[PDB]
Each structure stands twice: as C-alpha cells, then as structure tokens.
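Visitor: The structure under discussion is supplied below as structure tokens; questions concerning it will follow.
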There are 8 protein chains.
Amino acid sequence: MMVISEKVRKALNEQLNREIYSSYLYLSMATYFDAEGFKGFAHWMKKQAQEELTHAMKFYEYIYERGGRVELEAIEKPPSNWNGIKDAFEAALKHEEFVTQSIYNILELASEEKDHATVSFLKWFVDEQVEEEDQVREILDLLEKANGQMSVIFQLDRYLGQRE
Amino acid sequence: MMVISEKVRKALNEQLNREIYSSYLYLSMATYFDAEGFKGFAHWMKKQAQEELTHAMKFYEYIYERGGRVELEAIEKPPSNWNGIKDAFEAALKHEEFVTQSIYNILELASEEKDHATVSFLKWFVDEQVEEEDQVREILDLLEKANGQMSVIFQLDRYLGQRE
Amino acid sequence: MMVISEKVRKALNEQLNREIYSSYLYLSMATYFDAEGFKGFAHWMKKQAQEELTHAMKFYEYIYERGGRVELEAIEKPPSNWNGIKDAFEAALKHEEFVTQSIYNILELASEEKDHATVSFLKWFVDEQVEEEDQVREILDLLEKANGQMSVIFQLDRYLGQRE
Amino acid sequence: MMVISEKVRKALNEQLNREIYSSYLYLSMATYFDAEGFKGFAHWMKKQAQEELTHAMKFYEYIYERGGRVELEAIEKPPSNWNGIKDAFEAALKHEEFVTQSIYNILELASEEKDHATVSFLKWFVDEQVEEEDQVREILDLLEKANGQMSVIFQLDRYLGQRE
Amino acid sequence: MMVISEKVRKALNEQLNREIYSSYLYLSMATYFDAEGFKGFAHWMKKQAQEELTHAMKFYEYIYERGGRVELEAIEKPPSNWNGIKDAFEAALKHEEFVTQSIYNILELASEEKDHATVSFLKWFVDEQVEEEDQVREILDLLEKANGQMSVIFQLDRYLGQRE
Amino acid sequence: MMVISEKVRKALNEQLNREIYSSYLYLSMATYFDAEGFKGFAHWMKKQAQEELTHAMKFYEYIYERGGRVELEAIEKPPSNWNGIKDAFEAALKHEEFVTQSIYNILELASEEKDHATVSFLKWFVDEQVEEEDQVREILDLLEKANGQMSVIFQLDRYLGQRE
Amino acid sequence: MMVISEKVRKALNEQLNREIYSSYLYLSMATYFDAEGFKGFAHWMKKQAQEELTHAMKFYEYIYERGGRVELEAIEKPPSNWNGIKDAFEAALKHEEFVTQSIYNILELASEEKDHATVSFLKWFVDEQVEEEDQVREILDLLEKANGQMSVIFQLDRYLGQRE
Amino acid sequence: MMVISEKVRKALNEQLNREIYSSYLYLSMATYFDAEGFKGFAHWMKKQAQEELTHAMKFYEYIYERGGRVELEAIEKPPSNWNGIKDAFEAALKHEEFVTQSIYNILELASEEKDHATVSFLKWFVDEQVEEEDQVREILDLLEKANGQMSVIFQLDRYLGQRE
Ligand SMILES: CCCCCCCCCCCCCCCCCCCC
Ligand SMILES: CCCCCCCCCCCCCCCCCCCC
Ligand SMILES: CCCCCCCCCCCCCCCCCCCC
Ligand SMILES: CCCCCCCCCCCCCCCCCCCC
C-alpha cells in the first residue's frame with residue numbers, strides 16, 4: 001500500500017510530468033540553436049534535456065518505492081522560436097527558477113504533512129537546482145558582456161559544445 | 001536552404017514526433033508494468049523507451065543535415081493501463097508495426113520524388129523495425145507458452161529485466 | 001504470424017535450399033580437386049562451401065525473424081567430375097552468376113510487393129555475389145595465363161590454398 | 001592407387017553421405033525447434049549439425065589418404081515436424097543409435113577384410129558415438145524430469161542454447 | 001567478360017573522371033586559399049581533394065570487378081580564383097550538389113536497367129554526398145554570420161586546418 | 001610579393017602540372033595492367049602515380065614559399081593502351097627520362113638567372129629521378145630475361161604488387 | 001534401457017567388485033609392511049589401493065552410461081601376512097596378472113558379442129595393466145639386486161615412499 | 001610393542017572395519033540413486049564414501065602409532081535398494097548415528113582404562129559425527145518440504161550434486 005499521502009503522490013507525479021516537459025522544452029531550444037547554426041548551444045541543450053529526464057526518472061522510482069503509481073500526462077507543445085541566443089538562455093533560466101519553485105512547493109507540502117522521507121528525498125533536487133540556475137546565470141552574464149559580437153558568441157558556442 | 005522538399009521534411013518531422021510518442025507510450029507501458037508488480041517488464045519498456053529516443057534523434061540530425069529544421073509538437077497522453085501483460089505487449093507489437101508502416105510511407109514518398117538520400121537514410125530504420133518487431137513477437141510467443149501460469153510469467157519477467 | 005507474404009517466404013526458403021545445394025556443389029568440386037592431387041584448389045572449394053552455408057543460415061534466420069518457417073528440401077546429386085581445372089571454375093562461375101540472378105528475382109518480387117524489409121535484407125547478398133563472382137573470374141584469368149603449365153598451376157594451387 | 005578395397009571405399013563413402021544426412025536432419029530439427037519458439041534447442045541442433053559435418057570431413061580425408069575418391073550422393077528430404085520437444089529428441093537419439101550401428105557395420109567389414117588401418121580409424125567414431133548417444137540420453141532425461149513444466153523447460157532451452 | 005552494360009560502364013567511367021576533376025577543383029581552391037594566405041582553408045581543401053581521389057578509385061575498382069575497363073579522359077582546367085573565402089565555398093557547395101545529382105543520374109540508369117549490383121554499390125556515394133554537402137553548408141552558414149570579421153575567419157581557418 | 005622571377009615561376013608551375021600529368025599517365029598504365037589481369041603491375045603503377053603527386057606537392061609548397069602562386073592547368077588525356085607489359089614499362093622509363101630532362105631544364109634556367117635557392121631545391125628531384133629511372137630499368141631487365149615465361153612474370157607481378 | 005547385454009553388464013559389474021577387492025588386498029599388504037616397520041612400502045601400497053578404486057569407479061560410470069546398474073557384492077577377507085618383502089611383492093604381481101587375465105576375459109566376451117563400445121572401453125585397461133605389472137616387476141628386480149642388504153632396502157623404502 | 005591394551009586395539013581395529021563398511025554402504029546408496037536417475041544424490045554418496053575412508057585411514061595410522069597392527073576383515077554385502085529417496089537417507093542417518101555411538105563406546109572404554117591418548121584421539125571423530133548427522137538431517141528436512149514433489153526432489157538432487 002502507499003506510504004505517502006495521495007496529496008504528496010499527486011504532487012510528485014505532477015512534478016514528474018513537469019520534469020518531462022522541461023526536458024522537452026530544452027530539446028526545443030536545441031532545435032532552435034541548430035536552426036540558427038549554433039551546434040554548441042544545441043549540444044548543451046540536448047545534454048540539459050537528458051539531465052532533466054534522469055531527474056524525472058528519479059521521481060519515477062521514488063513514487064513506486066513508496067507504493068505510489070506514476071501516471072504519464074499529456075505534454076504540451078513547446079515554443080520553437082526565440083528572438084536570439086540570449087533570449088533563449090534567459091527563457092531557460094526562467095524555466096529553471098520555475099522548476100525550483102515547483103520543488104519548493106512539494107517540499108512545503110511534504111513538510112506540512114510531516115512526510116520526513118519525502119522532505120529528505122527532495123533535498124537533492126534543491127541543491128541540484130541551485131547548481132543549474134547558476135550555470136545559466138553564468139552563460140547569460142557572458143552573453144550580456146558579449147553584447148552581440150559574433151566573435152565571443154562563437155567561442156561560447158564552442159565551449160558549451162564541450163559539455164560532457 | 002533546405003535540400004529536401006517541404007513534403008519530405010514534414011514527413012520526417014512528423015515521424016520524429018511519432019518516435020517521441022512511441023518512447024512515451026513505452027514509458028507508460030512501464031508505469032503499467034511497475035504498478036502491476038512486474039519490474040522486469042518495466043525495465044524492458046524503459047530500455048525500449050530510450051532506444052526510441054535515439055531513433056528520434058537520428059531523424060533530428062538528418063533533418064538538419066538536409067538543411068531543414070525540426071519542430072516539436074504536442075505529445076498526446078498515452079494509455080496507462082492494459083488488460084494484462086499479453087494485452088500490453090500486443091499493443092506494443094501493434095504499435096511497432098505501425099511505426100514500421102509509417103517508416104514505409106516516408107520511404108515510398110521519398111522514392112516517388114527521387115530523393116535518394118532520404119530513401120537510403122531510411123534503410124537503417126527499416127532494419128531496426130525488423131529487429132524490434134521480432135523481439136516482441138518472441139516475448140508474446142513465450143508468454144503464450146506460460147498459458148496463464150504465473151510462476152512462468154514471473155520467470156519471463158526476470159529475463160526481460162536483464163535487457164542491457 | 002508471418003509478416004512476409006507466402007510468395008516471399010517461398011522465394012526465401014527456396015533460395016535457402018539453393019544455397020545449400022551450392023554448398024554441396026562446391027564440396028563436390030573439392031572432391032574432384034582432391035582426386036586430381038590439387039590440395040590447394042580443394043581447400044578453396046571447401047572454404048567456398050562453408051561460406052555458402054553461412055549464406056544459407058542468414059536466409060534461415062531472417063525467415064524466422066519475419067515469423068516464417070523454414071522447410072529443408074531434398075538435395076540433388078551434384079556433378080562430381082570436370083574436364084580439367086578450368087572447366088571446374090567455369091562451372092563455379094556459371095553457378096555463382098545463377099545464384100546472383102536468383103537473388104535478383106527475390107529482390108524484384110519483394111520490391112513489387114513493397115516488402116522493403118526484405119529488399120533491404122537482400123542488399124548484403126547482392127554485394128557478396130559481386131565479390132564471389134570476381135574472385136572466380138580472377139582465378140579463371142590466371143588459369144588462362146597459366147595455359148596448363150604445371151609450373152604456374154602449382155603456384156595458383158598454393159596461393160588459393162592459403163584462403164582463410 | 002587405392003590401398004583400400006573397393007568394398008571398404010564404398011562403405012566409407014556411403015558413411016560420409018550418411019553423416020551429411022545426419023547433419024541435415026539435425027538442421028531440420030532446428031527448423032522445427034525455431035518454429036516452436038525454442039531458440040536454445042534450435043541452437044543445440046545447429047551445433048550438432050556442424051559437428052556432424054566435421055565427422056563427414058574426417059571420413060572424407062581418410063578416403064583420400066588411402067588413395068580413394070569421394071563421390072557425393074543425393075540427400076533425401078528429412079522430416080521437418082515432431083510431436084513436441086521430447087519426440088524430436090527421441091528421434092535424435094534413435095538416429096544416433098542408427099549411425100552407431102552404421103559405424104559398426106563398416107568396422108566389421110574392414111575387420112573381416114583384415115584392413116587394420118581402417119579398423120583403427122573407425123575406433124574414434126565408436127567412442128564418439130558412445131558420447132553422442134549419452135548426450136541425447138542426458139537431455140531426454142532432463143526433459144523427463146521437467147515433466148511438462150514450462151518453467152524448467154525454459155531453463156533447459158537457455159542452457160543448451162549456450163553450447164559452444 | 002563485362003557483366004555491366006555498356007551504358008552503365010560508360011556512366012561509371014564518366015563518373016570516375018568527374019570525381020577526378022572534383023579532386024582537381026578542390027586542389028585549385030587550395031591554390032587560391034594559399035595564395036590568400038589561409039593555410040587552414042587550404043589544408044581543408046587539400047584533404048577534400050584526396051577524399052575525392054579515394055572516391056574515384058572506388059569507382060575504378062568496381063568497374064574492374066564487373067569485368068569492365070577504365071579509360072582516363074582529359075581533365076579540364078578548373079577556375080583558379082574566387083571572390084573571397086565565402087565565394088569559394090559557395091562554389092564548393094554548388095559543385096558538391098552537382099556531384100550528388102551526377103550520382104543520382106547513374107543510380108536511376110542502373111535501376112532502370114535492373115542492375116541491382118550497381119544500384120547497391122552507389123548507395124555508399126549517396127550517403128557520402130549528404131555528409132559532404134553538410135560540411136560545406138555548415139561552413140557557409142558560419143561564414144555568413146561571420147560577415148567578414150577577421151577575428152572569426154581566423155578561428156575558422158585554424159579549426160578547418162585541423163581536419164585529419 | 002614574388003622573390004622568384006616570372007620566368008622561374010612559370011617553369012616551376014609548368015613542372016608542377018607536368019608532374020600531375022605523369023601521375024595521371026601512371027594511373028592510365030594501371031588501367032591497362034588491371035585490364036590485362038596483372039593486379040601487381042597495376043598496384044605498382046598506382047603507387048607510382050601517388051609518388052608523382054607528392055612530387056607535385058613539393059613544387060607546390062616551394063612556389064608559395066618563394067611568394068609565387070600555383071595555377072592548375074588542363075590535363076590531357078593519356079594513352080590507355082600498350083602492346084604488352086614490356087611496352088608499358090618501356091613507355092614508363094621513357095616518360096621518367098622525359099621528366100628528368102624537364103627537371104634539368106628548370107635547373108639550367110634557374111642557374112642562368114643565378115636563382116641559387118631554386119637550383120638547390122631542384123637537387124632532391126634530380127636524385128629522385130636517378131632512383132626512379134633505375135627501378136624501371138631493373139623491372140625491364142627482369143622482363144627481358146623472363147621472355148614471356150608466365151612462371152616468372154607471375155612472381156614479378158606478385159612482387160611489385162607488394163610495393164608500399 | 002540397457003544397451004549392453006546382461007552377460008556383459010554382469011562381467012563388468014563383477015570386474016568392478018574384483019577391482020574393489022584388489023584395492024582391499026593392497027591395503028592389506030600396507031598393513032603388513034607397516035607392521036614390519038616399512039612405512040615406504042606401506043605408502044606405495046596405500047597409493048596402489050587408491051589407484052584401484054579409481055579403476056573400479058571407471059567401470060562404475062561406464063556401466064551406467066550404457067544403461068546398466070551396479071550391484072556391490074561382499075568383499076572377501078584378504079591375506080594379511082607374507083613371508084617377507086619379496087614375498088609380498090610377488091603376491092602383488094601375481095594378483096595384477098590375475099586382473100589382467102580378467103580384463104582379457106571380458107574383452108574376449110565383448111568382442112564375441114560384437115559390443116564394440118565395450119571392447120574399445122577395455123583397451124585402456126589392457127594398456128594400464130601392462131604398465132602396472134611392469135612397475136611391480138621393476139620393484140622385484142630392485143629387491144633382487146638388494147640381496148637382503150638392509151642398507152639398500154632402507155633406500156628402496158624411503159624411495160617408494162615418495163610415490164604421489 | 002603395543003602400548004595400547006588388546007581391548008582398545010580390537011575396538012579401534014573393529015571401528016576401522018566398520019568405517020570401511022560405512023564407506024561401501026554409502027557407495028551402495030550411490031548405486032541405488034544412479035540406478036534411479038538421481039546423479040546429484042549419487043554424487044553426494046560418493047563423496048560421503050570417500051570421506052569415511054579418510055576416517056578409516058586415520059584409525060589405521062593411530063593404531064600403528066601406538067604399536068598396534070591392523071587386520072582387515074571381510075566386508076559384508078550392503079543393501080543395494082531402498083524404498084525411495086527418503087528411505088535411503090533415513091537409513092544413512094541411522095547408520096551415521098550408529099557409527100557415532102560406536103565411537104562413544106570406544107571413548108568410554110578407553111576412558112575407563114585411563115588411556116588418555118585414545119580418549120583425546122577420538123575427540124576429532126566425535127566432532128565430525130556431529131557435522132555429518134547434521135548434514136543428513138538437513139537433507140531429510142528438505143525432502144519433507146519437497147512433499148513428494150518430484151520437481152523439487154530433482155532440485156535437491158542438483159544441489160547435493162555440487163558437494164565438493
Ligand atoms: C540528447 C537528446 C535527448 C532528447 C530527450 C527528449 C525527451 C523528450 C521527452 C519525452 C519523454 C521520453 C521518455 C523517455 C524515458 C526514458 C527512461 C529511462 C530510464 C532509465
Ligand atoms: C573443412 C571443410 C568443410 C566442408 C563443409 C561442406 C558442407 C557441405 C554442405 C552439404 C549440405 C548438408 C547440410 C549441412 C547443414 C549444416 C547446417 C549448419 C547450421 C549451423
Ligand atoms: C595533398 C593534395 C592532394 C592533391 C590531389 C590532386 C589530384 C589531382 C588529380 C590528377 C590525377 C592524379 C592521379 C591520382 C591517382 C591516385 C591513385 C591511388 C591508387 C590507390
Ligand atoms: C588413503 C588410502 C586408501 C585406502 C583405500 C582402501 C579401499 C578399501 C576398499 C573398500 C571399499 C570401500 C568403498 C570405497 C568407495 C570409493 C568411491 C569413490 C567415488 C569417487
């Protein structure tokens with residue numbers, strides 16, 4: 001039987017679907033970067049998409065580990081066009097900060113219900129978000145300093161294209 | 001500029017989205033199997049899901065390689081329950097046969113427009129489908145030997161759960 | 001069930017049987033070369049016999065992979081004597097060319113039925129047939145040059161006796 | 001010239017062709033096992049078929065080594081269907097026993113003609129036959145113990161499917 | 001004897017000479033890049049020239065494999081100048097597309113004559129062209145955004161100058 | 001700017017083109033040997049063609065090194081047939097000596113203009129020509145002794161066929 | 001079922017019991033040497049008893065391989081005293097010769113019944129007996145040269161005591 | 001001279017003969033299991049038979065070490081059949097417990113005579129008997145859990161056949 005409340009299971013399941021949309025969003029950003037001829041940015045986004053899927057499966061397993069069941073929901077069509085390089089990364093940061101707040105909402109719900117296990121389990125994602133947001137903020141600061149110069153952008157694209 | 005016709009690009013892009021759904025459908029089959037207590041069939045479906053993504057990404061890279069662009073579409077909600085294992089795998093088989101025929105449709109279209117590059121590129125998928133379909137027919141035939149015996153179905157669960 | 005037509009399965013199965021006779025024929029050629037004291041040429045024919053068997057088995061597995069079944073047919077008695085080294089290889093070439101045309105007939109059949117999986121599958125045999133025919137024409141060219149001089153013929157026998 | 005009587009040469013040549021039929025019969029049994037979804041048993045049979053061919057070639061070489069010649073004969077169509085796994089293996093055993101007696105008939109003929117060379121050469125086959133019969137009897141015994149339990153039969157299949 | 005039709009032999013032989021000119025053109029572009037002091041771009045073109053030679057020799061060998069003969073034709077003087085780096089690459093792309101169409105024309109001819117062996121052999125060149133056109137297109141798009149900036153042009157030179 | 005006179009530049013560029021024709025002529029000789037079934041002699045000729053290209057590239061680099069530019073010229077159609085092995089190698093020797101005299105001409109021209117750097121650069125080609133001529137004379141001597149005896153020709157062909 | 005006649009099985013089973021007695025007999029010789037203070041001789045005899053058991057177990061396994069059954073019979077009390085070292089070894093030799101003849105009798109019976117498998121199987125014991133008798137004769141000859149001299153017997157004892 | 005009493009020597013010498021019979025009895029149990037198709041249980045008994053012999057030999061050596069002599073007695077015919085598996089092992093246990101008591105009798109006898117060396121020497125055997133009885137009881141316990149399930153009985157057979 002489930003050892004988590006139906007409320008927490010729902011919250012986790014929806015976060016699972018939320019992570020899947022995140023991954024699909026970043027893939028969409030990759031289709032945009034590839035369209036604009038920036039293989040390095042595209043590459044970074046494909047990796048970011050992959051990392052997001054692992055996050056989703058990490059929620060997947062926990063849900064079953066507590067007797068819960070995962071229900072895959074419809075995934076919405078993501079945007080495919082951005083004004084430019086910086087805008088796409090800006091949207092990536094805004095999206096990360098959104099998933100971080102989504103994580104926060106589950107943590108507060110689990111905390112209110114004294115579901116200490118789930119609260120402990122979420123700690124990892126909190127720390128991971130602080131890391132992802134910082135990555136994007138760095139890229140943005142760099143793009144901001146680049147101020148449109150194709151020379152710096154090309155470097156940035158080459159570097160980000162190195163992400164393992 | 002695109003060197004593939006708009007008709008072929010569209011056929012390729014829709015197949016790309018179709019692969020993503022196939023992956024999602026298999027993940028959903030996995031949620032069904034995990035909920036029913038069959039980890040083995042679950043593990044297999046997950047692996048089958050990742051394989052379908054690598055397929056989608058091949059369509060992805062080729063579309064760009066031909067000067068086109070990828071556009072990600074909305075992914076409909078997949079079924080989350082089946083009337084038993086056999087019913088599940090049969091839906092899986094039925095689905096693969098459907099993607100195979102989809103693949104066949106692009107190939108005839110490309111062939112008709114004398115787009116030899118796309119016709120040749122599709123060859124790899126035709127061969128994969130032959131392999132994927134055969135693995136499901138195998139499983140279905142093995143389940144058939146179980147003839148309801150659960151102790152046997154559990155043995156097939158432990159085997160499929162060995163997939164690398 | 002069978003995802004290949006009865007017509008196609010028959011064409012495959014009959015080709016499989018044809019490949020087995022081919023193997024037996026090359027073995028027979030080996031019995032002739034060994035009786036004439038040419039161990040090297042015999043060795044070559046034995047290697048060629050095994051090759052053809054691997055071809056047979058390739059058709060064998062594909063047939064089952066497409067839900068078909070293989071039925072082994074009676075193998076006719078192959079010739080056991082030839083009018084000299086040249087005559088033997090000439091017969092071998094003639095047979096190889098017959099096998100290729102056979103391969104061709106199955107391909108056009110599958111193509112007419114839009115059985116792309118099978119058309120694709122046959123490509124490998126088409127390329128192998130090109131390689132096999134060429135090996136025999138080279139041998140026949142060298143024999144033509146040898147013009148019956150035991151001196152060079154011994155060399156040919158030695159070289160061919162090196163085939164792995 | 002031949003240093004074996006024409007009688008012994010004929011008996012050796014007929015045994016060679018008899019080994020080839022054995023090899024073919026075992027392949028036919030493989031067609032049946034594969035048709036029945038038992039890859040493993042089919043594998044064991046494909047290996048058995050190959051082993052039989054090495055035995056035929058061992059008769060082949062001896063014949064030439066005694067100055068004889070080999071003449072390949074037609075190969076009759078073998079049976080392609082059995083009433084279950086146990087029935088196929090029983091027919092295999094029965095076939096083995098038949099080849100064992102075949103080897104005895106030659107041994108006795110050679111011994112009658114005082115062909116000590118050929119008698120000694122046959123010694124190897126007598127010993128091998130004892131081992132080949134034991135193997136099949138061992139398998140039959142495992143099948144009898146399985147007593148229709150698809151569970152253990154699944155294990156047997158996978159086991160025999162490992163034959164090197 | 002020739003097993004390919006005279007029409008196909010002629011098409012192949014003409015394509016071999018076409019690949020040779022292609023090699024020579026790319027070398028000519030190297031003469032231009034070196035005259036403009038771009039070692040990296042020149043290097044890339046020298047490597048491309050070699051790649052084309054290997055293609056010509058694959059046609060050479062296939063012609064002999066089908067019993068045909070190669071006849072080398074005169075090679076026309078290629079252009080030795082272009083209006084800047086980008087212009088040279090536009091010319092390269094347009095030339096790569098011409099080669100692809102040339103390959104297409106042979107494929108269709110062979111296909112119409114039912115020369116399956118030749119249609120199959122050409123598949124490799126269809127796939128290689130897709131890859132060659134893509135490299136050039138990628139380079140052109142990068143130069144397009146470079147808009148003549150000497151900074152990025154130097155980055156491109158070095159990068160391309162690494163081609164192995 | 002150019003530090004070599006236009007006259008010397010012309011002579012070096014024309015020699016570069018001459019080397020390319022040599023390369024092409026040796027390939028042509030290869031098409032003749034392959035057509036006659038002497039793969040070894042064909043191989044040797046293909047290796048000789050490659051060696052001639054490296055020489056062309058030597059001239060190429062020196063021209064740029066002295067501030068000149070290379071201009072690829074049309075390459076004429078070479079003969080494609082000879083009256084036999086001996087005849088072909090003889091035509092090869094005669095061509096090599098033609099190349100040597102050509103090298104002599106540039107050398108005398110550079111020496112008259114006191115272009116010591118070019119005179120010095122040409123020394124390497126004068127010594128290489130000594131080696132090239134000798135290799136063909138050596139082959140011609142063996143063919144002379146062979147006097148048609150296919151027995152030694154085969155050996156000569158396999159030997160030359162081993163050139164690296 | 002049994003593939004050996006009841007008469008052969010009987011002969012084999014009885015030989016097994018016979019081998020077991022030999023073992024017991026040699027152990028008894030060990031009890032005599034030990035009592036006489038010759039640990040080395042005792043050691044050799046204990047190893048000999050072990051060898052005899054391994055021989056008995058060879059008959060054991062062969063009997064079941066041919067569908068037979070082993071029935072252990074009573075073991076008679078062996079002598080426990082001898083008139084000296086030499087006497088003990090003469091008795092062992094005489095016993096060995098007895099088993100050799102016993103093997104001979106079974107061999108002859110098997111041969112008469114045309115049971116080639118059993119004849120072949122007994123070959124190993126024929127050769128083994130020749131070697132065993134030889135070891136005992138070798139010891140007897142060393143005891144002869146010894147000529148009652150304790151000095152030499154001490155060495156012989158310590159020596160035979162090294163048998164592994 | 002004998003430093004052990006004739007009473008203790010006889011009890012030790014009789015125990016040695018008892019251990020040999022125990023060995024033979026367990027071999028007989030193995031003849032029964034093999035006859036019934038259980039190789040595992042037969043394997044087990046074979047190992048048990050060998051273990052008992054080492055016990056015998058330990059008694060053997062100790063007897064000499066105390067200046068006594070060993071006299072091998074006639075060994076009786078052991079039972080060759082049992083009313084099923086359980087019946088055999090139960091007899092085995094009964095026999096184990098019997099040799100245990102026999103050991104106790106010698107121990108109490110030696111103790112009564114103040115033969116401390118013999119009392120100490122027997123300790124090892126008391127401990128080994130505990131180990132052996134426990135093994136047989138565990139086997140019987142598992143046979144009970146098998147509850148006539150031939151399927152399970154074969155599983156145990158395979159387990160005991162792994163004894164080292
Ligand atoms: C590098 C390209 C990565 C593209 C990722 C695209 C993701 C699209 C979202 C759809 C969900 C797919 C389901 C996949 C589940 C995989 C589970 C693996 C478990 C080990
Ligand atoms: C060392 C030389 C080897 C010669 C091999 C000759 C084979 C001739 C084929 C005769 C046809 C008999 C059927 C054989 C079926 C073998 C199936 C193998 C399946 C793995
Ligand atoms: C390093 C720069 C490469 C320059 C290639 C220039 C090619 C010019 C075309 C002229 C024809 C030359 C003949 C080449 C024959 C090669 C044969 C290889 C056989 C394995
Ligand atoms: C270490 C010294 C060896 C002494 C051997 C004495 C043998 C006496 C014969 C009595 C028979 C006992 C039964 C032995 C069965 C052995 C089975 C082995 C199976 C691998």
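Ordering of the structure tokens sets the chain letters (A, B, ...), residue numbers begin anew at 1 in every chain, and ligands are numbered from 1 in the order given.
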Produce as a list in words the set of residues near ligand 3, where near means within 6 Å with only C-alpha atoms and all ligand atoms considered.
Guide: residues 20, 23, 24, 27, 46, 49 and 50 of chain E; 20, 23, 24, 27, 46, 49 and 50 of chain F
Visitor: Emit the selected residues as a PDB file, in the first residue's frame, including N, CA and C atoms.
Guide:
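For reference, selection_39.pdb as written:
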ATOM      1  N   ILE E  20      37.554  12.811 -60.535  1.00  0.00           N
ATOM      2  CA  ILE E  20      38.932  13.253 -60.680  1.00  0.00           C
ATOM      3  C   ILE E  20      38.994  14.770 -60.849  1.00  0.00           C
ATOM      4  N   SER E  23      38.419  16.408 -57.581  1.00  0.00           N
ATOM      5  CA  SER E  23      39.631  16.408 -56.797  1.00  0.00           C
ATOM      6  C   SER E  23      40.502  17.586 -57.199  1.00  0.00           C
ATOM      7  N   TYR E  24      40.653  17.740 -58.505  1.00  0.00           N
ATOM      8  CA  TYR E  24      41.471  18.791 -59.098  1.00  0.00           C
ATOM      9  C   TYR E  24      40.914  20.194 -58.790  1.00  0.00           C
ATOM     10  N   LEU E  27      41.703  21.048 -55.308  1.00  0.00           N
ATOM     11  CA  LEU E  27      43.126  21.374 -55.223  1.00  0.00           C
ATOM     12  C   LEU E  27      43.296  22.821 -55.685  1.00  0.00           C
ATOM     13  N   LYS E  46      42.897  20.581 -49.543  1.00  0.00           N
ATOM     14  CA  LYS E  46      43.829  19.548 -49.976  1.00  0.00           C
ATOM     15  C   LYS E  46      43.294  18.178 -49.497  1.00  0.00           C
ATOM     16  N   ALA E  49      40.412  17.222 -51.610  1.00  0.00           N
ATOM     17  CA  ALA E  49      40.902  16.748 -52.892  1.00  0.00           C
ATOM     18  C   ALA E  49      41.285  15.267 -52.817  1.00  0.00           C
ATOM     19  N   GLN E  50      41.933  14.877 -51.718  1.00  0.00           N
ATOM     20  CA  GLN E  50      42.317  13.480 -51.508  1.00  0.00           C
ATOM     21  C   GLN E  50      41.072  12.615 -51.329  1.00  0.00           C
TER      22      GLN E  50
ATOM     23  N   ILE F  20      51.728  16.274 -62.415  1.00  0.00           N
ATOM     24  CA  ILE F  20      50.359  15.809 -62.293  1.00  0.00           C
ATOM     25  C   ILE F  20      50.023  14.937 -63.504  1.00  0.00           C
ATOM     26  N   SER F  23      51.537  11.586 -63.076  1.00  0.00           N
ATOM     27  CA  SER F  23      50.716  10.882 -62.115  1.00  0.00           C
ATOM     28  C   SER F  23      49.539  10.240 -62.828  1.00  0.00           C
ATOM     29  N   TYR F  24      48.889  11.028 -63.681  1.00  0.00           N
ATOM     30  CA  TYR F  24      47.734  10.583 -64.445  1.00  0.00           C
ATOM     31  C   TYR F  24      48.107   9.519 -65.477  1.00  0.00           C
ATOM     32  N   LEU F  27      48.525   6.238 -63.758  1.00  0.00           N
ATOM     33  CA  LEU F  27      47.236   5.669 -63.369  1.00  0.00           C
ATOM     34  C   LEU F  27      46.699   4.968 -64.610  1.00  0.00           C
ATOM     35  N   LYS F  46      49.829   2.308 -59.543  1.00  0.00           N
ATOM     36  CA  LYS F  46      49.019   3.177 -58.699  1.00  0.00           C
ATOM     37  C   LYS F  46      49.929   3.824 -57.653  1.00  0.00           C
ATOM     38  N   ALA F  49      51.839   6.513 -59.264  1.00  0.00           N
ATOM     39  CA  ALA F  49      51.009   7.692 -59.501  1.00  0.00           C
ATOM     40  C   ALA F  49      50.979   8.556 -58.247  1.00  0.00           C
ATOM     41  N   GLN F  50      50.812   7.927 -57.088  1.00  0.00           N
ATOM     42  CA  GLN F  50      50.785   8.647 -55.811  1.00  0.00           C
ATOM     43  C   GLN F  50      52.117   9.355 -55.561  1.00  0.00           C
TER      44      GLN F  50
END
Visitor: Using only C-alpha atoms, find which residues of chain E lie within 12 Å of chain F and jot them down as a ChimeraX atom specification.
Guide: /E:1-2,13,17,20-21,23-39,42-43,46,49-50,53-54,56-57,60-81
Visitor: Tell me which protein, DNA and RNA residues are within 8 Å of residue 55 (chain H), counting only C-alpha atoms, leaving out same-chain ones fewer than 4 positions away, and put them as a count of residues only.
Guide: 4
Visitor: Do you have the CA of residue 147 (chain F)-CA of residue 92 (chain F) distance handy?
Guide: 18.8 Å
Visitor: Near residue 152 (chain B), within 9 Å and counting only C-alpha atoms, which residues show up once chain neighbours fewer than 5 positions away are dropped, as a list in words?
Guide: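 The contact residues come out as residues 143, 145, 146, 147 and 157 of chain B; 150, 151 and 154 of chain D.
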Visitor: For the selection you just gave me, I'd like the residues written to a file as a compact mmCIF listing (two decimals), in the first residue's frame, keeping N, CA, C and O atoms.
Guide:
# COMPACT_ATOMS: atom_id res chain seq x y z
N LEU B 143 5.13 -15.83 -23.70
CA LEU B 143 4.06 -15.67 -22.73
C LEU B 143 3.01 -16.72 -23.05
O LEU B 143 2.45 -17.33 -22.15
N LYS B 145 3.34 -19.62 -24.06
CA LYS B 145 3.72 -20.92 -23.52
C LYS B 145 3.40 -20.97 -22.03
O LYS B 145 3.24 -22.06 -21.47
N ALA B 146 3.33 -19.81 -21.39
CA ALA B 146 3.02 -19.78 -19.97
C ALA B 146 1.57 -20.23 -19.75
O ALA B 146 1.25 -20.85 -18.74
N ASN B 147 0.72 -19.93 -20.74
CA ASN B 147 -0.71 -20.29 -20.72
C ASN B 147 -1.35 -19.95 -19.39
O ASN B 147 -2.08 -20.76 -18.82
N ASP B 157 9.50 -12.35 -16.59
CA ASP B 157 9.69 -11.00 -16.06
C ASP B 157 11.16 -10.84 -15.68
O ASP B 157 11.79 -9.85 -16.05
N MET D 150 6.80 -25.90 -18.07
CA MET D 150 7.39 -24.90 -18.95
C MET D 150 8.52 -24.16 -18.26
O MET D 150 9.45 -23.69 -18.90
N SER D 151 8.44 -24.06 -16.94
CA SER D 151 9.47 -23.37 -16.19
C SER D 151 10.85 -23.96 -16.45
O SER D 151 11.74 -23.28 -16.95
N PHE D 154 12.16 -23.93 -19.93
CA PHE D 154 12.70 -22.64 -20.32
C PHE D 154 14.19 -22.62 -19.97
O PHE D 154 15.01 -22.16 -20.76
Visitor: Counting only C-alpha atoms, which residue out of E:3, E:45, E:11, E:153 sits closest to residue 89 (chain E)?
Guide: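 For residue 89 (chain E), the nearest of the candidates is E:45.
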Visitor: Figure out the distance between CA of residue 58 (chain E) and CA of residue 141 (chain C), please, to one decimal in Å.
Guide: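 About the pair CA of residue 141 (chain C) and CA of residue 58 (chain E): they are 21.8 Å apart.
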Visitor: Which residue out of H:52, H:106, H:82, H:44 has the minimum interatomic distance to residue 7 (chain H) when only C-alpha atoms are used?
Guide: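 Closest to residue 7 (chain H), using only C-alpha atoms: H:106.
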